[PDB]
Number of protein chains: 2
Amino acid sequence: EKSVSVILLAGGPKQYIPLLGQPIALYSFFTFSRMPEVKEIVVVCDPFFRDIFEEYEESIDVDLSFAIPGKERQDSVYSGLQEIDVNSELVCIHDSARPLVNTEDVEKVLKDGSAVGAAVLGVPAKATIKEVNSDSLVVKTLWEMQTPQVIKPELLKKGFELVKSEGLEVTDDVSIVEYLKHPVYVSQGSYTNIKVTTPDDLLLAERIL
Amino acid sequence: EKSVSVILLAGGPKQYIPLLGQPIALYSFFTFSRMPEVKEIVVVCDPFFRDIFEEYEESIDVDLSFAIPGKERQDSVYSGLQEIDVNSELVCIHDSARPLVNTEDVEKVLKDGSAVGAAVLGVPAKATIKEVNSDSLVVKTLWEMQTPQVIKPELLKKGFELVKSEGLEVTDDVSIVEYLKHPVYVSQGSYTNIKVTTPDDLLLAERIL
Ligand SMILES: Oc1c(Br)cc(Br)cc1-c1[nH]c(Br)c(Br)c1Br
Ligand SMILES: Oc1c(Br)cc(Br)cc1-c1[nH]c(Br)c(Br)c1Br
Ligand SMILES: [K+]
Ligand SMILES: [K+]
Ligand SMILES: [K+]
Ligand SMILES: [K+]
Ligand SMILES: [K+]
Ligand SMILES: [K+]
Ligand SMILES: [K+]
Ligand SMILES: [K+]
Ligand SMILES: [K+]
Ligand SMILES: [K+]
Ligand SMILES: [K+]
Ligand SMILES: [K+]
């Protein structure tokens, strides 16, 4: 209990457009807020949208903190990290554009994160996927990554230190953890944990809700 | 001109539910029918749904043929193959659940198929995809395959012969071509070439049309 710090990424506005009268960002916010394991939520957002979350500070059973977004995703994660409790045992990074994440699946990835040191929710890739070389020729089990991405703070800090001191290039595919020798566990999630951005995605969310 | 035999897979009913008053299967049917390169379309469908395509036989500028569906996808392809013109230089296999395929992209994959011997329409995978081992740990450029999948008939026949004589297992991922040493080219397609099956997918198709 109270061992997990959530970093909620909401500074990328697609994540504020409403879902049944509630801005998309608030759905996972509340999901995390109700979990006894969660000590605090560090919201990473433009100071302008701070009010959206601030209104509920008294009603929620977690600590609320704020951090400023960075240039790209890893910078926003670093910003959030600077704000987490000194004693938290787990960092739970979540894309707020993912509103329908189930409590049971968050529980699963937290458990796997605590056990392994790093865990991410994923589902088997439904599409037929092939590796293709530079000559556009096919190179003769694949999983789609979701969020939360759960990592012990010491490991995350070491990962940032490794990238900075060596000047390593970070992309969405080649993230901080890809450079570490520490294992990353894939917790099996639900296909309903979609990223809601396009109008096509938003009508699906209502059906799931 | 008149060098390509299309195998239209329509015996898998999701592919007959209407799109703006026209059954989904008829969209690519007509797209192929208008291309001068296409000699014939072999429709692979339950004899029950033969009428859907038969009504237009006189108005279309291609030969129409019919074949019986098999147990799985490769069996249906084999069935269609038995019906193609003895002199066609290219087989163009298409999933009829893909209605919005553009003429320009079909032209592209036919060209690449003629050049290389085998080509498939694909798009870069938008999702973050990782390889995961048997212990559910991340294994530290990926493309999503679409259709048409274009192959020279001799190569396709050899591929079927290789699988039968050796008793090789065929899956959607490990298809006939995966066993051949002959190169497969990935022609860059459009994200609009979606597989239309779910109600969520059908409303998207109208927007694209
Ligand atoms: O890409 C991953 C994965 Br596959 C698993 C975990 Br656990 C964390 C990250 C990650 N993503 C960002 Br952005 C940062 Br920083 C980190 Br660490
Ligand atoms: O899976 C592919 C690919 Br990636 C490229 C081409 Br060209 C053809 C196939 C294929 N699919 C089936 Br079903 C059969 Br039979 C064959 Br051959
Ligand atoms: K709590
Ligand atoms: K979601
Ligand atoms: K959310
Ligand atoms: K979920
Ligand atoms: K364990
Ligand atoms: K999407
Ligand atoms: K024609
Ligand atoms: K399509
Ligand atoms: K079609
Ligand atoms: K297309
Ligand atoms: K060429
Ligand atoms: K789909």
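Residues numbered from 1 in each chain as written, not as in the entry; some residues may be left out. Chains lettered and ligands numbered in written order. Heavy atoms only, no water.

Header annotation of the entry names X-ray crystallography as the structure determination method and lists the resolution as 1.80 Å.

1. Quick notes on the packing of helix α3 (residues 73-81) of chain B against helix α5 (residues 153-166) of chain B
Residue and element names in this part refer to chain B. Packing of α3 against α5 brings their axes to within 12 Å, and their N-to-C directions diverge by 130°. Considering their axes alone, α3 and α5 lie oblique with respect to each other. As for how α3 packs across α5, the hand of that crossing is left-handed. Across the interface between the two elements, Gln74, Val77, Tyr78 and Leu81 from α3 touch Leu156, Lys157 and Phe160 from α5. Class assignment for the residues of the contact of α3 with α5 results in five nonpolar, one polar and one charged. (Axes fitted to C-alpha atoms, helices over the stretch in contact; angles between N-to-C directions. Helix = DSSP H or I, 4+ residues; strand = E, 2+ residues; numbered from the N terminus. Parallel < 35°, antiparallel > 145°, perpendicular 65-115°, else oblique. Left-handed = near helix turned anticlockwise from the far one by under 90°. Contact = heavy atoms within 4.5 Å. Nonpolar A, V, L, I, M, F, W, Y, C, P; charged D, E, K, R; others polar.)

2. Observations concerning the site of ligand 1
Around ligand 1, the neighbouring residues are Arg73(A), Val77(A), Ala118(A), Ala119(A), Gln149(A), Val150(A), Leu156(A), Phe160(A), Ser175(A), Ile176(A), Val177(A) and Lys130(B). More than one chain approaches ligand 1, the contributing ones being chains A and B. Between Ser175(A) and ligand 1, the recorded distance is 2.6 Å, taken from a side-chain N or O atom to an oxygen atom. Summarising the interface, the protein chains cover 96% of the accessible area of ligand 1, which totals 480 Å² for the free molecule. Its residues placed into classes, the shell around ligand 1 shows eight nonpolar, two polar and two charged. (Near = heavy atom within 4 Å. Polar contact = N/O pair within 3.5 Å; in protein donor to acceptor, adjacent residues only side chain to side chain. Areas by Shrake-Rupley, 256 points an atom, 1.4 Å probe, with all protein chains shown as cover.)

3. Here we look at the coordination of the potassium ion (ligand 3)
Between any two of four tetrahedral donors, the ideal angle at the metal is 109.5 degrees; between two of six octahedral donors, it is 90 or 180 degrees. All names here are of chain A. Protein coordination at the potassium ion (ligand 3): the donors are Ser33 (O) and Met35 (O), at 2.8 to 3.1 Å from the metal. Here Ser33 falls in the buried class, since its relative accessible area comes to 7%. By relative accessible area, which is 3% here, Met35 ends up buried. (Donors = N, O, S within 2.8 Å, 3.2 Å for Na, K, Ca; no water. Buried < 20%, exposed > 50% of the residue type's maximum accessible area, 1.4 Å probe, protein only.)

4. Observations concerning the coordination of the potassium ion (ligand 4)
Taken together, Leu100(A) (N), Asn193(A) (OD1) and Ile194(A) (O) make up the full set of protein donors to the potassium ion (ligand 4), lying 2.8 to 2.9 Å away. Per residue, the accessibility class of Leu100(A) equals that of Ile194(A), and both read buried.

5. Some points on the site of ligand 2
Every residue near ligand 2 is listed here: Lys130(A), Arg73(B), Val77(B), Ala118(B), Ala119(B), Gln149(B), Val150(B), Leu156(B), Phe160(B), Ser175(B), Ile176(B) and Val177(B). Neighbouring residues of ligand 2 are not confined to a single chain but are spread across chains A and B. In the environment of ligand 2, a nitrogen atom lies 3.0 Å from a nitrogen or oxygen atom belonging to the side chain of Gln149(B). One of the side-chain nitrogen or oxygen atoms of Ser175(B) is found 2.6 Å away from an oxygen atom of ligand 2. The fraction of the free accessible surface of ligand 2 (480 Å²) that becomes covered by protein chains is 95%. Residue composition of the shell around ligand 2, by class: eight nonpolar, two polar and two charged.

6. Here's the deal with the nonpolar core
Counting residues in hydrophobic clusters, the biggest one holds 29 residues, and the most contacted among them are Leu8(A), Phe29(A), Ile41(A), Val43(A), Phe53(A) and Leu110(A). Mapped by element, the contributors of at least two residues to this core are β1 (4-9), α1 (24-33), β4 (38-44), β5 (63-67), β6 (90-95), α4 (103-116) and β7 (118-124) of chain A. In terms of residue count, the dominant contributor to this core is α1(A) (five residues). Among all residues touching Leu8(A), those that are not within four sequence positions of it are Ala25(A), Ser28(A), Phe29(A), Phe32(A), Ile41(A), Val42(A), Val43(A), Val44(A), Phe53(A), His94(A) and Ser96(A). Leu90(B), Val101(B), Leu110(B) and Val150(B) belong to the second-largest nonpolar core, a separate cluster that totals 28 residues. (Core = buried A, V, L, I, M, F, W, Y, C linked by side-chain atoms within 4.5 Å.)

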